[PDB]
A.B. asks: 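Pasting in a structure now, in structure tokens, and then I'll have a few things to ask.
Protein chains get the first letters and strands the later ones, always in sequence-line order, with residue 1 at the start of each.
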Amino acid sequence: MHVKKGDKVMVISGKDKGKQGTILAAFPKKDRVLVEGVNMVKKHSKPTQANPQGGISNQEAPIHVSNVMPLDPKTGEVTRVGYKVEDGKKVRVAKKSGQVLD
Amino acid sequence: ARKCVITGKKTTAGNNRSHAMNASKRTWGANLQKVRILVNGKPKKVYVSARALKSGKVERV
Amino acid sequence: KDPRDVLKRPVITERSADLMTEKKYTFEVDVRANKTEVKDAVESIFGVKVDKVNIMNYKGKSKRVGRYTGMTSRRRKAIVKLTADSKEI
Amino acid sequence: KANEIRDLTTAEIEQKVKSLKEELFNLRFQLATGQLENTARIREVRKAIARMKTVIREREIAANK
RNA sequence: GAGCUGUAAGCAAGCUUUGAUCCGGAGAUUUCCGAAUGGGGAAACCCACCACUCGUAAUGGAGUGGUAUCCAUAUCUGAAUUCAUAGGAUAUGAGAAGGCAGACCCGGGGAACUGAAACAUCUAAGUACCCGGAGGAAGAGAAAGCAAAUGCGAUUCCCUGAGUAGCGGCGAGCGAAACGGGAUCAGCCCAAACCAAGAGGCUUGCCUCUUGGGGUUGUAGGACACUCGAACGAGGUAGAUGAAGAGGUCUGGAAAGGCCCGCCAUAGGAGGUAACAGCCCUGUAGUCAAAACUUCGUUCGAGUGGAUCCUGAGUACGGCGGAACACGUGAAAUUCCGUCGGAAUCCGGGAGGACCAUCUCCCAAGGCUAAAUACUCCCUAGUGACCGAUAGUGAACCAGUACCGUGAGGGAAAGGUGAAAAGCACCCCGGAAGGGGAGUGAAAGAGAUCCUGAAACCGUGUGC
RNA sequence: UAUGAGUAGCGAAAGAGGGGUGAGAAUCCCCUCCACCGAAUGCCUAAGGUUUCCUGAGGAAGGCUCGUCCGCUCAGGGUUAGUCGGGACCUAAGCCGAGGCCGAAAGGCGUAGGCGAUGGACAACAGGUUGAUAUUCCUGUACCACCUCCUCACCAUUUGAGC
RNA sequence: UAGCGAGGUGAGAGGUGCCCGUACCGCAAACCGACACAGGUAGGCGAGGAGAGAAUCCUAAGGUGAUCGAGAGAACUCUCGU
Ligand SMILES: [K+]
Ligand SMILES: [K+]
Ligand SMILES: [K+]
Ligand SMILES: [K+]
Ligand SMILES: [K+]
Ligand SMILES: [K+]
Ligand SMILES: [K+]
Ligand SMILES: [K+]
Ligand SMILES: [K+]
Ligand SMILES: [Mg+2]
Ligand SMILES: [Mg+2]
Ligand SMILES: [Mg+2]
Ligand SMILES: [Mg+2]
Ligand SMILES: [Mg+2]
Ligand SMILES: [Mg+2]
Ligand SMILES: [Mg+2]
Ligand SMILES: [Mg+2]
Ligand SMILES: [Mg+2]
Ligand SMILES: [Mg+2]
Ligand SMILES: [Mg+2]
Ligand SMILES: [Mg+2]
Ligand SMILES: [Mg+2]
Ligand SMILES: [Mg+2]
Ligand SMILES: [Mg+2]
Ligand SMILES: [Mg+2]
Ligand SMILES: [Mg+2]
Ligand SMILES: [Mg+2]
Ligand SMILES: [Mg+2]
Ligand SMILES: [Mg+2]
Ligand SMILES: [Mg+2]
Ligand SMILES: [Mg+2]
Ligand SMILES: [Mg+2]
Ligand SMILES: [Mg+2]
Ligand SMILES: [Mg+2]
Ligand SMILES: [Mg+2]
Ligand SMILES: [Mg+2]
Ligand SMILES: [Mg+2]
Ligand SMILES: [Mg+2]
Ligand SMILES: [Mg+2]
Ligand SMILES: [Mg+2]
Ligand SMILES: [Mg+2]
Ligand SMILES: [Mg+2]
């Protein structure tokens, strides 16, 4: 995927359009990611052995990976992603500036 | 196998034909005679068509 | 073959626990293992003396999980009686 | 790992194989009795044995050629 | 190149930038049954012998390997029987066996319904089917040909000839070929004289057989005489890189849509993304890439004479009986089979649709041979005025399943929550099922019997 | 999906009451008396079935009603052999069948040799025990084959015991 | 007997003894009959009274009360009695 766990991204599509957050988890198999503070859901959980209160709980639900873009290091605007090789090691680059993301 | 050990002659299919030209299946048998001959320099009773014996090249033992 | 190929696991049931009072130990064994091989293996592994081995075959139980029918594995159970002058397993 | 296993002699491997098969046996018993916490260990030992038997067999093939 | 431990949630325990999971090349392991092959057997089981090894005091037990049959080869034995042979034993064999495309191919065997407005010749049809043999193709093939020209020059296949010529209870029907135009093109090796060497029978110097040379044909030729493993390149099997808008704004749960503006384009294929995206993602065009295995390509002994001799024999051919030829026994050439008879051999032989003569063209009775052609169980990429869940495969789904049948065999039904499980905490009636609220959601009359939700059919209410 | 229709049927048979369990009881459990089979409707055991067995829990469907129950659902559990039956023993009919004989092919037949119980042969009995096995486990008392680290007795090492 | 044969024979003592089946139903609601179906299903044992008896009727050991019931007691139909 063009983003990965730990990347700062901007949500470019959905109810959370224009909201930035960190990727808390990636789901390559589903092409979804979990972004902090984005796409919150109210899960109605019964009492279990783990959580014996139960209750309604606000948690992030994952969004499609194509609805987030990484931010340009220089300008702080969304960027498409390229790849160059530095020190015999491939790195992502912000196509907007040229700056390395990671 | 009813086959000549020299020539390979064997039973072959074809028709009877009546005067009314009705066809029914029959066979033609080779005129095989069981006879002692050398088969790999070993005397053995094998089937040989009369035709293969006609010359006298196939020598009985 | 290794002795530890022969014995698979102990059988822990109420029956098996009652037999352990009589100095009889129940194991599941390799379904190919004859009772001599089991005797040899129990003496080799645990350093005990075996009086007798009795042995039985269980068929697989037919089973269901939702819409899919199948069959548990065949089992060979050995009941190993140790001699009276012997260490316990 | 196999890189480390290849440094050993065949006899030394065959001892480690014997040692691991004892470990596997004991784990299987602990699992049966419900004592074993680290169940992941079973898989590791099985694959260790496999790794070793692979190295042994590579040497047999290397010799018998 | 950052996640992963499949479906499959979940807990659990772990793994992974000291490179995991994952993808490709090459290996290793690969229980038992199955040709199944140590012997047996009701497949997936049982029972052995021989080595060697573990274990036992020893028996019993365990492990590894070997042990089918037939064929070929070699060796050793050599019955009745003297030699001998049959037979036996041993060893060596990546020798055979079996499966499989429901296809295509070549053979052996070979129907009937049906048509003929009945039916027997005839048709259906050399079809279906069974059997044998294959090969990636097969078969055919280098003139004893076609023809009747100033000729042609192996075979196969396509077009055409032509529904012609013909065959035909001259009925029903069956039905060519050559010429001409194309596809593709390629030619060769023996047998025989004869020579050399060797062995064998000596028949007693004649003949036989093995090996090598020789030789290969038609207005003849020949013999026989004389004369001159690597290297590199492009592919395949993983991949890499890859332009351009969260443009503003409207509606909306969400914008890829509207409106107003930009931009890229060797890229406006495609799929995805909360509604319809060249510019969001995966990609696409283009350009690159391989340790390994693999495919393809590229490079690194002749004339002139003709005394003789040779040139495929139980053959060609013929009679009788059948079959194949488009051709049904006919005026019946041509090809093959069974049976019996049986040539010539260059001063020779075959064919030109009975047959003869003349002429013309050929040289049989030995073998090999690519391409053009056929087909698709598969794999890769793609396409469709093809189907869209009673359709399309029998099978969109755990289907050749369930179920039926002793068996061969027959053979279904069954797709759709939502963008996301956010899959309804909590309260209330109820044993539960199921409801009513409350929540979630754009929607719950989307709550799993979950898109839409017709009709039949079943109800409740009531205006006449 | 109707109609027929709340209709035909609910598959030979003796129950009654008291108590219990439970949301619920003609139908489940217990008790009592009554009744039925008894050359069986009892006990054992083939074939066949294949977990239906035992225990605990369950009640949607199955059960011609009901259901708290069940041959049903879900969990666990349960089958112990030198001596029983079968194999490592024997053969019958029949079947397979090295070579072989016969046959368009496929194959058919068949010898040596095998396979093949429904038969022959062959060593364990009584008692006890579990929720669920018992000539199998346990107790007691046996028997059969084979083996020799050992013991004793006897016989004999080639007109030499023994097998 | 042919053979084999230098060690044997007998009795103790010690020891060795594998695989497959074993649950449960089995005149049955578990098998064959599409059914928890008045049918079919080889064999062993099969008590007492009266009796020739395995008949018969009533019982023993043992097993069972049968998977819709409650009424009413018409026609008619069935099976019975007079
Ligand atoms: K006909
Ligand atoms: K998107
Ligand atoms: K002829
Ligand atoms: K003719
Ligand atoms: K269908
Ligand atoms: K009676
Ligand atoms: K119950
Ligand atoms: K036995
Ligand atoms: K039993
Ligand atoms: Mg891009
Ligand atoms: Mg047993
Ligand atoms: Mg075998
Ligand atoms: Mg007709
Ligand atoms: Mg060919
Ligand atoms: Mg890219
Ligand atoms: Mg929509
Ligand atoms: Mg010739
Ligand atoms: Mg003519
Ligand atoms: Mg539909
Ligand atoms: Mg369909
Ligand atoms: Mg069946
Ligand atoms: Mg609606
Ligand atoms: Mg929709
Ligand atoms: Mg709907
Ligand atoms: Mg009524
Ligand atoms: Mg009623
Ligand atoms: Mg009526
Ligand atoms: Mg009525
Ligand atoms: Mg009624
Ligand atoms: Mg009843
Ligand atoms: Mg029960
Ligand atoms: Mg009911
Ligand atoms: Mg027996
Ligand atoms: Mg036979
Ligand atoms: Mg044979
Ligand atoms: Mg018997
Ligand atoms: Mg006995
Ligand atoms: Mg019992
Ligand atoms: Mg029993
Ligand atoms: Mg019955
Ligand atoms: Mg009877
Ligand atoms: Mg009586």
Side-chain angles (χ1 to χ4, degrees), chain A residues 1-5 10-15 17-18 25-28 31-32 39-50 53-57 59 61-69 77-78 80-84 89-90 95, chain B residues 1-3 9-18 20-23 25-31 41-43 49-52 54-55 57, chain C residues 1 6 13-15 18-19 22 24 26 32 34-37 39-40 44 52-59 61-62 64 67-68 77-79 81, chain D residues 36-44 50 53-54 57-58 61:
Chain A
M1 294 190 319
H2 81 299
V3 297
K4 60 189 291 180
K5 180 169 175 169
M10 185 155 237
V11 175
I12 56 159
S13 174
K15 288 194 190 72
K17 179 181 179 70
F27 307 103
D31 292 340
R32 306 191 150 265
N39 183 38
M40 291 293 240
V41 295
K42 278 145 282 179
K43 180 75 200 80
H44 301 75
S45 49
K46 297 201 84 73
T48 62
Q49 68 91 6
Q53 282 72 64
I56 307 174
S57 59
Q59 54 184 231
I63 60 171
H64 201 264
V65 70
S66 74
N67 293 335
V68 309
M69 284 181 83
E77 294 180 353
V78 301
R80 295 189 294 289
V81 171
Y83 303 89
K84 71 183 189 189
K89 190 176 181 180
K90 179 186 281 176
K95 183 63 186 164
Chain B
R2 207 153 188 61
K3 190 173 59 175
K9 287 181 175 288
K10 56 176 174 61
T11 62
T12 306
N15 296 333
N16 305 111
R17 288 283 184 171
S18 70
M21 225 62 202
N22 303 286
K25 288 297 189 167
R26 61 159 288 184
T27 64
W28 275 257
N31 193 7
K42 292 148 54 60
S49 65
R51 190 67 161 197
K54 188 209 244 278
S55 193
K57 306 191 306 304
Chain C
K1 59 145 64 198
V6 172
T13 69
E14 299 93 300
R15 177 58 149 281
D18 292 0
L19 292 187
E22 306 179 13
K24 281 183 181 172
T26 311
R32 311 296 190 92
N34 75 43
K35 66 165 63 185
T36 316
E37 296 176 72
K39 182 177 187 183
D40 291 9
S44 302
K52 57 195 280 183
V53 178
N54 289 37
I55 203 161
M56 56 188 108
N57 295 140
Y58 267 80
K59 300 170 194 182
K61 297 188 88 175
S62 161
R64 199 81 69 256
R67 61 190 281 274
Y68 300 122
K77 187 165 69 175
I79 304 162
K81 192 198 194 174
Chain D
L36 182 67
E37 288 186 1
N38 180 20
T39 50
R41 183 54 178 163
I42 295 162
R43 194 162 58 196
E44 294 178 12
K53 297 204 178 201
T54 304
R57 180 56 188 164
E58 282 168 3
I61 292 163

A.B. asks: Is the shortest side-chain N/O distance from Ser44(C) to OP1 or OP2 of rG55(E) below 4.0 Å?
C.D. replies: no
A.B. asks: What pucker does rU68(F) show by its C1'-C2'-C3'-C4' sign, north or south?
C.D. replies: south
A.B. asks: Taking only side-chain nitrogens and oxygens of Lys42(A), does any of them come within less than 4.0 Å of OP1 or OP2 of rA422(E)?
C.D. replies: no
A.B. asks: Between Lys42(A) and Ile56(A), is there a donor-acceptor pair closer than 3.5 Å when you use the side chain of the first and the backbone of the second?
C.D. replies: no
A.B. asks: Under the rule for salt bridge (charged side-chain N to carboxylate O under 4.0 Å, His left out), what residues qualify as partners of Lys24(C), not counting sequence neighbours?
C.D. replies: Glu22(C)
A.B. asks: Do we see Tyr68(C) stacking on the base of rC398(E), given a limit of 5.5 Å between centres and 30° between planes?
C.D. replies: yes
A.B. asks: Syn or anti for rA292(E)? Use the chi torsion, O4'-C1'-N9-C4 for purines and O4'-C1'-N1-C2 for pyrimidines, with syn inside 90° of 0.
C.D. replies: anti
A.B. asks: Would you tabulate the pairs of protein nitrogen or oxygen atoms and nucleotide nitrogen or oxygen atoms of nucleotides 266-274 of chain E closer than 3.5 angstrom?
C.D. replies:
from     : atom 1 : to       : atom 2 : distance (Å)
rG272(E) : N2     : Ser66(A) : OG     : 3.4
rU273(E) : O2'    : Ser66(A) : OG     : 3.0
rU273(E) : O2'    : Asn67(A) : OD1    : 3.0
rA274(E) : OP2    : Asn67(A) : ND2    : 3.1
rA274(E) : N6     : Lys15(A) : N      : 3.3
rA274(E) : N1     : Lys15(A) : NZ     : 2.9

A.B. asks: Which protein N or O atoms sit under 3.5 Å from an N or O of nucleotides 130-138 of chain F?
C.D. replies:
from     : atom 1 : to       : atom 2 : distance (Å)
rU133(F) : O2     : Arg15(C) : NH2    : 3.2
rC137(F) : OP1    : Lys52(C) : NZ     : 2.8
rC137(F) : OP1    : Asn54(C) : ND2    : 2.9
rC137(F) : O3'    : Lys24(C) : NZ     : 2.7
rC137(F) : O2'    : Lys24(C) : NZ     : 3.0
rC138(F) : OP1    : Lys24(C) : NZ     : 3.4
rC138(F) : OP1    : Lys81(C) : NZ     : 2.7
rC138(F) : OP2    : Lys52(C) : NZ     : 2.9

A.B. asks: Dump the pairs, protein N or O against N or O of nucleotides 100-110 of chain F, anything under 3.5 Å, distances to one decimal.
C.D. replies:
from     : atom 1 : to       : atom 2 : distance (Å)
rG103(F) : OP1    : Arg2(B)  : NH1    : 3.4
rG103(F) : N7     : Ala1(B)  : N      : 2.9
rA104(F) : OP2    : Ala1(B)  : O      : 3.2
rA104(F) : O5'    : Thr11(B) : OG1    : 3.1
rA104(F) : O4'    : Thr11(B) : OG1    : 3.1

A.B. asks: From the options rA62(E), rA323(E), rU339(E), select the nucleotide whose nearest atom is closest to the side chain of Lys9(B).
C.D. replies: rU339(E)
A.B. asks: For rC426(E), take OP1 and OP2 only and decide whether either is under 4.0 Å from a side-chain N or O of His44(A).
C.D. replies: no
A.B. asks: Can you tell me, in whole Å, how much space there is between the P of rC19(G) and that of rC137(F)?
C.D. replies: 14 Å
A.B. asks: Give a yes/no answer on whether the side chain of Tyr83(A) brings an N or O atom under 4.0 Å of OP1 or OP2 in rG242(E).
C.D. replies: no
A.B. asks: Please determine whether a side-chain nitrogen or oxygen atom of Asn16(B) lies at a distance below 4.0 Å from atom OP1 or OP2 of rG322(E).
C.D. replies: no
A.B. asks: Classify the sugar of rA116(E) as north or south, using the sign of the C1'-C2'-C3'-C4' torsion: positive means north, negative means south.
C.D. replies: north
A.B. asks: What distance, rounded to whole Å, do you find between the two P atoms, one in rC195(E) and one in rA223(E)?
C.D. replies: 13 Å
A.B. asks: Answer yes or no: does a side-chain N or O of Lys25(B) lie under 4.0 Å from OP1 or OP2 of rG110(E)?
C.D. replies: yes
A.B. asks: Between protein and nucleotides 18-24 of chain G, what N or O pairs are separated by less than 3.5 Å?
C.D. replies:
from    : atom 1 : to       : atom 2 : distance (Å)
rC19(G) : OP1    : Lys35(C) : N      : 2.8
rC19(G) : OP1    : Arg76(C) : NH2    : 2.9
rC20(G) : OP1    : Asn57(C) : OD1    : 3.0
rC20(G) : OP1    : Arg76(C) : NH1    : 3.1
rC20(G) : OP2    : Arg76(C) : NH1    : 2.9
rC20(G) : OP2    : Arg76(C) : NH2    : 3.1
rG21(G) : OP2    : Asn57(C) : OD1    : 2.8

A.B. asks: Say we look at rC90(F) and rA121(F): how far apart would their P atoms be, to the nearest angstrom?
C.D. replies: 15 Å
A.B. asks: Going by the sign of the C1'-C2'-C3'-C4' torsion, is the sugar of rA143(E) north or south?
C.D. replies: south
A.B. asks: Does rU217(E) have its sugar in the north or the south range once you look at the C1'-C2'-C3'-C4' torsion?
C.D. replies: south
A.B. asks: Which is it for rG100(F), anti or syn, if anything within 90° of zero counts as syn?
C.D. replies: anti
A.B. asks: Is there a Watson-Crick or G-U wobble partner for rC33(E) with both distances under 3.5 Å, and if so, which one is it?
C.D. replies: none
A.B. asks: At under 4.0 Å, does any side-chain N or O of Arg64(C) touch on OP1 or OP2 of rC72(F)?
C.D. replies: no
A.B. asks: Nearest-Å distance, CZ (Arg26(B)) to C1' (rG109(E))?
C.D. replies: 16 Å
A.B. asks: Kindly say if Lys77(C) contacts the phosphate of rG78(F), meaning a side-chain N or O under 4.0 Å from OP1 or OP2.
C.D. replies: yes
A.B. asks: Mind telling me if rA96(E) is syn or anti? Syn here is a glycosidic angle within 90° of 0.
C.D. replies: anti
A.B. asks: State which residues pass salt bridge (charged side-chain N to carboxylate O under 4.0 Å, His left out) with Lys1(C); sequence neighbours excluded, sorted by chain then number.
C.D. replies: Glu37(C)
A.B. asks: Give a yes/no on whether any side-chain N or O of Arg57(D) is located under 4.0 angstrom from OP1 or OP2 of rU29(E).
C.D. replies: yes
A.B. asks: Look through every strand shown and name the nucleotide pairing with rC4(G) as Watson-Crick or G-U wobble, where both distances are under 3.5 Å.
C.D. replies: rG162(F)
A.B. asks: By sign alone, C1'-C2'-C3'-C4' of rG384(E) puts its sugar north or south?
C.D. replies: south
